[PDB]
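Novice: Below is one structure. I have some questions about it.
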Amino acid sequence: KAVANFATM
Amino acid sequence: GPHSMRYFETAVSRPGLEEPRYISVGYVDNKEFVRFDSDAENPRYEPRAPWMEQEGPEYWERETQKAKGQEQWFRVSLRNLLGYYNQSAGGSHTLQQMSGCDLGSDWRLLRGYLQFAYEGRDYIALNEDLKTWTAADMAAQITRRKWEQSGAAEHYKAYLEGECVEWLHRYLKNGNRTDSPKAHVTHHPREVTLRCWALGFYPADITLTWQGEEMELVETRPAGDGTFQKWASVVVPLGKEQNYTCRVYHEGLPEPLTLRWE
Amino acid sequence: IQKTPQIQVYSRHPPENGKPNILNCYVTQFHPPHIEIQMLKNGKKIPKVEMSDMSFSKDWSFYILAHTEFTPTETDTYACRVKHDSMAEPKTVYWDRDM
């Protein structure tokens, strides 16, 4: 399963 | 032996292109097992190994929806970076991510990974402690500070120690070998050239040496059939062929292979 | 910043005239990811050239494998021609059966 990123850059 | 999972993700902007193309590829022990490409007719995560077809429709729906979230993430981040680097419209831009987990042979977490690159260069990476960030560039500090203030590290840590380990465990049961190199030497009329070939091996990692005392080579290359090739050569006086031996070192060998021109 | 493609041209199985084989053009270590790869037979484009999905390495550089069905006569010359932003002119490399 993939990570779903948190805060954008 | 040891195990790993990685997801490699790319987002690429081009000058006119309304939106960027996003690609996510998943690996278990360095073999591709899932893939998502926003260019596809029906964009969604597809199995890439027959052992993945066994996942129910919940899997593919949740994973596909996550990937759409990433596409947007990468889209917004690509805009932010443009501003951070005082870049203007009209260029091509790349944002990349690697993330996943390393397990030991005991199947315990050895190391989480979380790193990003902009224009193919290191941008920001989560340190091995899974708490602190490294970010070389001045532009990168806007992100580092943003991500420290938001507590993102804790959330990436939770995924890395939990979900990543957990689903890799699952995949590894569902997915249930090193191919050894066959070696030989060739002879070419350079003073002559001795070429030690290595073929039919997996994984790609390998060393070839020439000897007594400790040379041209090529980079390891895919045969196209899942296996890898490599060779190594030296220039050698005539008749003085047998005075030179090639050693091949590969993890699938009981011990290193020793060969000479015959 | 661009990284210039490294190119290798080689066959899947040890080379033998008249007998079917696969010719590979392996292009690594390049950026950005847009690239054009042609395979050539005695100067002429080969029609059905299979292209692997582009991937990237741990150093963030991109790689890709082009391959094609080919039969290697004693007289035929095979090349791979790569066009990429890092190179002002397309780069051509010739198949050498011994490498």
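Residue numbers start at 1 in each chain; chains themselves are named A, B, ... in the order of the structure tokens; ligands are numbered from 1 in the order shown.
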Output the contact residues of chain C with respect to chain B at a cut-off of 12 Å, based on only C-alpha atoms, as a ChimeraX atom specification.
Specialist: /C:1-3,6-14,21-34,50-69,85,97-99
Novice: With the cut-off set at 9 Å and counting only C-alpha atoms, tabulate each residue of stretch 152-179 of chain B with an atom at most that distance from an atom of chain A, showing the nearest atom pair and its distance in Å to one decimal, ordered by chain and increasing number, as CSV.
Specialist:
residue,atom,partner,partner_atom,distance
B:152,CA,A:6,CA,6.1
B:155,CA,A:6,CA,7.6
B:156,CA,A:5,CA,7.8
B:159,CA,A:3,CA,6.8
B:160,CA,A:3,CA,8.3
B:163,CA,A:1,CA,7.1
B:164,CA,A:1,CA,6.5
B:167,CA,A:1,CA,6.3
B:168,CA,A:1,CA,8.1
Novice: Restricting it to C-alpha atoms, dump the selection as a short mmCIF file (atom, residue, chain, number, x, y, z; two decimals), in the first residue's frame.
Specialist:
data_model
loop_
_atom_site.label_atom_id
_atom_site.label_comp_id
_atom_site.auth_asym_id
_atom_site.auth_seq_id
_atom_site.Cartn_x
_atom_site.Cartn_y
_atom_site.Cartn_z
CA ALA B 152 4.11 15.61 9.01
CA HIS B 155 2.37 10.86 10.20
CA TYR B 156 5.01 9.55 7.76
CA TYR B 159 2.71 4.87 7.87
CA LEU B 160 6.31 3.62 7.62
CA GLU B 163 0.86 0.19 7.08
CA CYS B 164 4.11 -0.29 5.05
CA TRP B 167 1.04 -4.81 3.89
CA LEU B 168 4.52 -5.99 2.91
#
Novice: Would you please give, as an NGL selection string, all residues of stretch 34-214 of chain B that DSSP assigns to strand (DSSP E) based on the backbone?
Specialist: :B and (34-37 or 46-47 or 93-103 or 109-118 or 121-126 or 133-134 or 182-188 or 192-201 or 207-210)
Novice: Skip residue B:142 itself and residues of its chain fewer than 2 positions away, then list as number ranges by chain all residues within 12 Å of it, counting only C-alpha atoms.
Specialist: A: 8-9; B: 77, 80-81, 83-85, 123-124, 135-140, 144-149
Novice: To one decimal in Å, tell me the separation between atom CA of residue B:46 and atom CA of residue B:59.
Specialist: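 Calculated distance between atom CA of residue B:46 and atom CA of residue B:59 is 10.5 Å.
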Novice: Find the spatial neighbours of residue B:13, counting only C-alpha atoms, within a cut-off of 10 Å - ignore same-chain residues fewer than 5 positions away - and output them as a list in words.
Specialist: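 Contacts, with the query itself left out: residues 18, 19, 20, 21, 22, 75, 78, 79, 90, 91, 92, 93, 94 and 95 of chain B.
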Novice: Which residues, written as number ranges by chain, have at least one atom at most 8 Å from residue B:103, with only C-alpha atoms counted and residues fewer than 6 positions away on the same chain left out?
Specialist: B: 2-4, 109-111, 165
